[PDB]
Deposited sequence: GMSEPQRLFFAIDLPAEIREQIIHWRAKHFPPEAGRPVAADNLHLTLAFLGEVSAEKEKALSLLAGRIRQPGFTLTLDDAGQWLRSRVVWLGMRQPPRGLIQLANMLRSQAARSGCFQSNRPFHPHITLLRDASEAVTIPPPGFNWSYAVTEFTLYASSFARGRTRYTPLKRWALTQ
C-alpha cells in the first residue's frame, strides 16, 4: 500500500504544551522564526522517511518488541541551531531510558540529540532565555506518526502507540 512519511516520537502533556507556547510568545517575536503549533510539539526518537506499508509493518512489529521502563523528562534547557535554523527545548542530562529507546528505534530500521523544536526557519541568532519553571513529566508511551501537509499546515496522524513499562 501507499508509502507514508513516518516517525516515532514522545508527546507532551497538554498543560505543558500550553505553558510552552505562552512562554514562547513571551520571549520570541513572530520575526524570530516560524512557530510550531501547540499540537505539533513533540520529541522525535527516530525519523524514518517515506515508508512502504510493507516496511511500516516490520517497524511496527519490532517497536512492539521493545521492553523499556518509563522515565521522567524535565525540560531544563533551550538553545538554537543556526545550521538547522531551529530554536529548541531540551534536557541537559536526558535519562538513559530515552537514549536507549531512541537508539533501539534507530537500529531496528549524526548522533541522537533529543530536542523539541519550537521555531522553524530561525535563520537569525536570537537570545535564548531558560525554559519556564517545572516542565517535568512522566513518559508512559511512544507513538508512530505519519506527517502530511493539509490546508498549508503540517499535520501529524498517530498510527500506533506502545506503552513503556513502569
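Gaps in the model relative to the deposited sequence occur at 1-2, 112-120, listed in sequence order.
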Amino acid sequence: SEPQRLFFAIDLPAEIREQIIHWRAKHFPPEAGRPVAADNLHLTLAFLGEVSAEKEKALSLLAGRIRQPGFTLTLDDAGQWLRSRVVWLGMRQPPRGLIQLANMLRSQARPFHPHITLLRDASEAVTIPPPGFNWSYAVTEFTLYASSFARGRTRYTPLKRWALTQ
From here on, numbers count along this sequence of modelled residues.
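In this text, the rigid core denotes the largest set of C-alpha atoms whose superposition between the two forms falls within 1.5 Å.
In summary, of the stretches 21-29 and 145-153, 145-153 shows the greater Cα distance from the shown form in 6 other deposited structures of this protein, with structures fitted on the rigid core. Higher mean CA temperature factor, per the PDB entry, when comparing 50-58 with 116-124: 50-58. When 100-108 is weighed against 127-135, 100-108 comes out higher, by mean CA B-factor as recorded in the entry. Of the candidates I21, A14, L144, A150, the one whose C-alpha carries the top B factor in the deposited record is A150. For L82, the recorded CA B-factor ranks within the highest third of the chain. Only modelled residues enter the ranking. Remark: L164 belongs to the middle third of its chain, ranked by C-alpha B-factor as recorded.
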